[PDB]
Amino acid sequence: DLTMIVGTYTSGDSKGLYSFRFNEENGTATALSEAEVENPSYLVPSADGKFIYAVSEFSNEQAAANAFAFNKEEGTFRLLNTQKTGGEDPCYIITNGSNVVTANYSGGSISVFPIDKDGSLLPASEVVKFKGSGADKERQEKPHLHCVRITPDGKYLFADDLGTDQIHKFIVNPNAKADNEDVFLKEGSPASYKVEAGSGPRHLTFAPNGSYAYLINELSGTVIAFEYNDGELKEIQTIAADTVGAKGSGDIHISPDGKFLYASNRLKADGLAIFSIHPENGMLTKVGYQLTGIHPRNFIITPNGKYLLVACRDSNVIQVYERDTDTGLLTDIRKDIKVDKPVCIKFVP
């Protein structure tokens, strides 16, 4: 079976991280262990699955990135250390094996943490702060970094800024590590790529073919499709994922076969919008819509592409939907995984 890690908001019953075994052939999950850490909103396992890095989303000086040693054979967690981010509300985290990068929502910045030899985190190495505002007076008063993604080629990093309707561009130094002083992230050219005012860039994902990227906009509720090549994003299409103006869109994922794209919506008509991906031009065509549990801030598709699990924060459950290989449509198999406020799901490679 696969090993599954679940992040939560810990104000209620949840204590932090939760590990499970997940059978991707019949959708059954078996609980393993847990790790007490506050607000592990987003997390990412190391390529070898020996470590797990999770944020501690706080709107104060407690905001941090946590380093965990992970024994998947036992399914247990071992906290190594915690380092402060440069800014408030870190809500997305990634690792290139040498450094961990955090996107700070309230700080309007991104923080880089070099990884020590033992897998723990050295203190924040680089903290890039952004400035600006947007169309929406309430939600775009200043920058709000919601996502960081290293391109398929590994030479660049894009940081979605919901507060200024931009996707900031950086050049990635593959040789930057804790051993040297090589700058890991450097401002690229151009400094960013702009999207329609009021969009509210949230999450960005890349297609398996590595030639296209898709963005889900939290405020506008649209999905913008981009052609991608050597650090360049060119807009090819915009389409609505949310059609009721809920201004609460969330996550975005493409099925392993690259034939379908899913985008989640919250606040009104909670669910996922389902699109077919053109095999030649990568453009999207809406084919269905699935109402889910309440507040689907995050979801994931199993490696074999058979199941799609949706973390429903307000319904306190992770719903399991079987995917129809040919239509992309979903079917609830009734195997809810109960957990208080789940907001992130990952599998251990």
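We number the residues from 1 along the sequence you see.
Where do the C-alpha atoms have the higher mean temperature factor in this entry, in 230-238 or in 131-139? Here the higher of the two C-alpha B-factor means belongs to 131-139.
Mean Cα B-factor comparison, 162-170 or 178-186, giving the higher one as deposited: Mean B over CA atoms: larger for 178-186.
In terms of recorded Cα temperature factor, pick the maximum from 201, 108, 250, 86. Answer for 201, 108, 250, 86: 86, with the highest C-alpha B-factor.
According to the Cα B-factor stored in this entry, which of the following is highest: 90, 221, 271, 279? If I rank 90, 221, 271, 279 by C-alpha B-factor, first place goes to 279.
Using only modelled residues of the chain, where does the Cα B factor of residue 122 rank: lowest third, middle third or highest third? CA B-factor rank for residue 122: middle third.
By the recorded C-alpha temperature factor, relative to the other modelled residues in its chain, which third is residue 26 in? Top third by C-alpha B-factor.
Taking only the Cα B-factors deposited for this chain, tell me whether residue 70 sits in the lowest, middle or highest third. Middle third of the chain for residue 70's C-alpha B-factor.
According to the PDB entry, is the CA B factor of residue 78 in the bottom, middle or top third of its chain, that is, lowest, middle or highest? For residue 78, whose C-alpha B-factor we compare with every modelled residue in the chain, the answer is the highest third.
Third of the chain's Cα B-factor distribution that residue 146 belongs to, per the entry: Ranked within chain, residue 146 CA B lands in the lowest tercile.
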